[PDB]
Amino acid sequence: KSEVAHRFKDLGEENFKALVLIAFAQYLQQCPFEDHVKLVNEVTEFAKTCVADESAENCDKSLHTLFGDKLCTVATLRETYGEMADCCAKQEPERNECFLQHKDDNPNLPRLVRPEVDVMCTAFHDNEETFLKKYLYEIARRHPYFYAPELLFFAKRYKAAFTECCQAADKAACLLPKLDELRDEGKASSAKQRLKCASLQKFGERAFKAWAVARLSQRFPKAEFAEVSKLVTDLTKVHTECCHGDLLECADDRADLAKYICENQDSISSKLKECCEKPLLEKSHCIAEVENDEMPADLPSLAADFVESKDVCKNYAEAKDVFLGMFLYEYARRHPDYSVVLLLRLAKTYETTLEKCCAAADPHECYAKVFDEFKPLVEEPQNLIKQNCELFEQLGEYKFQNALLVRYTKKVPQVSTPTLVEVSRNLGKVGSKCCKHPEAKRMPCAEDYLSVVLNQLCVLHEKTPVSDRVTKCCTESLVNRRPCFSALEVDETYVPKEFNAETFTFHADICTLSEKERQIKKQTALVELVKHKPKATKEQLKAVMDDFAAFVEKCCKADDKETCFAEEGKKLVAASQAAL
């Protein structure tokens, strides 16, 4: 039998063209469009001829082996410059990896450009433009890991948009505010994902199970332990693939799944009616995270004292894996009000401890209310979301979200100025999209979201390696990430302590060079870090700065581009470090 045409024989053809492009274009990610597309055109071909006939010569390729051996070819030797030190070696296994499966990450390479003001409205005489070319863009750029089928789901929702409102609104208004929102949602999942791989095989594959047995049980909390373990065992497989390189199996798989999940509906989690009256595609992004859990649970199931007031320390605990699984899951069930990332810590203070004392010198009290020394590691969140959600509350949406900069730029003052200001504001954006939301529903979002961002931080910067600390809180644990960065004072380690850096204040009539405070502030904020990186930290001082660099606007007119550039440099560096 073959692989090629067989994949062709489920996900149809558009979505075969539709994968094999993004596939080939996360992969090599700098080579121009047509090179990539000729090569698709050809895969796309061929497939049809093992469609005709399995038995035809060389169908017998193991999928990759085609790509591998029709990729290096004229994609690559037209692509001759110096980072992919070719990787088609002794026709191997060790192809996918060494280079074809090495995706430069966040910050990959050229990028600045895009579409613009009026013209991108272009479902007239090509969707090769926009619709198609939301992959040499919305998937070459900064997303070599982005989850295939979800791009096919986020493809229609670039298409469908155009496919109504170029219309009466000149595309103007009735269009591009579905091109505001759904750009953060491109970043969101593409970033809500690098995690799910980072769990997967930049960290042990075993972890993920515990991730998802924690999670699918937080939403399907009557799903018997049987059935979460044919949803998280079935989801690893998917996610592993979309991570390990080979998508296609993926996209087929989340219906080789959803057409189990959603034929079984009632034995699993009631609330997946809606998205089962939804064309495949959108099934897997209702069920995918917009899944209002069916709290509260299975049961009364009164209490969880099988893990507790008993004597089966080991006796009923010679299944390592499933014992923990049934802690996790059953603990998971009654706690939509605690974040997975937390509960995963309670699932390592069972596991350790119960091993601390299933062994020696009885008796039971060792594990006697672990429930009552867990409780440190259940207070710090419940608490932290105070000096998350108050410094923000009555003290600033987009004003002092640049507090968490001051915090981070201090305690960890060697990550790259951007790579602060991507995070600094991003993990900023928890204050907004979660405090204004409170209850239980608060924390599950907000240790978790924070948890994603710290990962952006980690995955971002291996590339150049900086703060041995950041090295430490990334590596040492996944599960202990967000009391790590947190549990870090000002690393007085510093010096270099750069003085006086005038590839500094580019001024340049920024004031209406640039618009939308998202663009205005970001610079005004991009001032912050480098106004401390000289002088690591100071008390009151440092806001007599960002107004002495908020005149950065109002000396910017009447014959400018040299107004605020002589002026500042005296009056913002003169105003700097050690005296003022």
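About the cut-offs
Residues numbered from 1 in each chain as written, not as in the entry; some residues may be left out. Heavy atoms only, no water. UniProt positions renumbered as here; feature names shortened; annotations may be inferred. Helix = DSSP H or I, 4+ residues; strand = E, 2+ residues; numbered from the N terminus. Rg over C-alpha atoms; globule rule 2.2 N^0.38 Å. Contact = heavy atoms within 4.5 Å. Areas by Shrake-Rupley, 256 points an atom, 1.4 Å probe, with all protein chains shown as cover. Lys, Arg positive; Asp, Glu negative; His and termini not counted. Charge placed at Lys NZ, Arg CZ, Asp CG, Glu CD. Disulfide = S-S within 2.5 Å. Buried < 20%, exposed > 50% of the residue type's maximum accessible area, 1.4 Å probe, protein only. Patch = residues over 30% accessible without salt bridge, like charges linked within 9 Å, V, L, I, M, F, W, Y side chains within 5 Å. Salt bridge = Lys/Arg side-chain N within 4 Å of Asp/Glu carboxyl O. 1 Å grid on protein atoms, 1.4 Å probe; cavity = no way out; pocket = protein on both sides within 12 Å on 5 of 7 lines; lining within 4 Å. Points joined across faces, edges and corners; volume = space filled by probe spheres on them. Nonpolar A, V, L, I, M, F, W, Y, C, P; charged D, E, K, R; others polar. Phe/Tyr/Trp six-rings, centres within 6.5 Å; stacked < 30°, edge-to-face > 60°. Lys NZ or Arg CZ within 6 Å of the ring centre and 35° of its normal.

For this deposited structure, the header cites X-ray crystallography as the method used and 2.80 Å as the resolution.

The PDB entry annotates the protein chain as SERUM ALBUMIN originating from Homo sapiens. The title assigned to this entry in its PDB record is "X-RAY STUDY OF RECOMBINANT HUMAN SERUM ALBUMIN. PHASES DETERMINED BY MOLECULAR REPLACEMENT METHOD, USING LOW RESOLUTION STRUCTURE MODEL OF TETRAGONAL FORM OF HUMAN SERUM ALBUMIN". Among the UniProt annotations of the protein chain, the heading Subunit (literature references left out) holds the following wording: "Interacts with FCGRT; this interaction regulates ALB homeostasis. Interacts with TASOR (By similarity). In plasma, occurs in a covalently-linked complex with chromophore-bound alpha-1-microglobulin with molar ratio 1:2 and 1:1; this interaction does not prevent fatty acid binding to ALB." Check the Sequence similarities section of the UniProt entry for the protein chain; it says "Belongs to the ALB/AFP/VDB family."

Give me the overall build of the protein chain: which residues, what numbers.
Broken down by element type, the protein chain carries 29 helices and 0 strands. Its C-alpha atoms give the protein chain a radius of gyration of 27 Å, near enough to 25 Å, the size a compact globule of 580 residues would have. Taking contacts inside the protein chain between residues at least 6 apart in sequence as the whole, the part at least 24 apart equals 72%. Total accessible area computed for the protein chain in this model is approximately 30200 Å², and 56% of it derives from carbon and sulfur atoms. Averaging the positions of the 83 positive and the 97 negative side-chain charges in the protein chain gives two centres separated by 3 Å.

Describe the UniProt feature "disulfide bond" in the protein chain, listing the residues and the values that go with them.
Between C434 and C445, where UniProt records a disulfide, the sulfur-sulfur distance comes to 2.0 Å, consistent with the annotated bond. Highlighted residues: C434 in helix α23 (residues 430–435) and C445 in helix α24 (residues 442–446), separated in sequence by 11 residues. Across the pair, exposure class does not vary: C434 and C445 are buried alike. Between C511 and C556, where UniProt records a disulfide, the sulfur-sulfur distance comes to 2.0 Å, consistent with the annotated bond. Placement of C511 in the loop between α26 (468–476) and α27 (517–531) and of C556 in the loop between α28 (551–554) and α29 (563–571) is noted, with a sequence separation of 45 residues between them.

Please give an account of a nonpolar patch on the surface that cites residues and values.
Residues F306, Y316 and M326 make up a contiguous nonpolar surface patch of about 300 Å² in total accessible area. Its place among the elements puts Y316 in the loop between α14 (280–283) and α15 (320–333). By relative accessible area, which is 38% here, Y316 ends up partly exposed.

Kindly report on the layout of surface pockets, identifying the contributing residues and their values.
Of the volumes computed, that of the second largest pocket is approximately 650 Å³. Around the second largest pocket, the lining comprises 27 residues; the ones closest to its centre are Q29, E83, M84, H102 and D104. Looking at the lining of the second largest pocket, its residues break down into 10 nonpolar, 7 polar and 10 charged.

Describe in detail the environment of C275, supporting the description with residues and values.
Turning to its location among the elements, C275 is positioned in the loop between α13 (249–264) and α14. Look at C275 and you get buried, because its relative accessible area is 2%. Separated by 11 residues in the primary sequence, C275 and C286 have C-alpha atoms spaced 5.8 Å apart. Excluding residues within four positions of it along the chain, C275 makes contact with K283, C286, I287 and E291.

How would you summarise empty space enclosed by the protein if you had to cite specific residues and measurements?
Summed over the entire model, instances satisfying the criterion amount to 10 cavities of 30 Å³ or more. Taken as a whole, the largest cavity encloses approximately 110 Å³ of empty space. Taken together, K531, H532, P534, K535, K538, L541, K542, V544, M545, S576, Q577 and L580 make up the full set of residues lining the largest cavity. The residue makeup of the lining of the largest cavity, split by class, is 5 nonpolar, 3 polar and 4 charged. Quantified by volume, the second largest cavity comes out at close to 70 Å³. Lining the second largest cavity are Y398, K399, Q401, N402, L405, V421, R425, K521 and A525.

Before we move on, can you summarise the packing of aromatic side chains with the specific residues and values?
The final tally for this structure, using the stated rule, is 15 aromatic pairs. A ring pair is formed by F24 and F67, whose centres lie 4.5 Å apart and whose planes are at 40°; its orientation type is tilted. Here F24, found in helix α2 (residues 14–27), pairs with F67, found in helix α4 (residues 64–69); they are 43 residues apart in sequence, far enough to count as distant. Side by side, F24 and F67 carry an identical accessibility label, which is buried. Measuring from ring centre to ring centre gives 6.3 Å for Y316 and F323, while their planes differ by 85°; the resulting arrangement is edge-to-face. An aromatic cluster of three or more residues is present, and its members are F306, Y316, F323, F327, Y331, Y350, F371 and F374. Sitting above the plane of the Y158 ring, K134 keeps its charged end 4.0 Å from the centroid.

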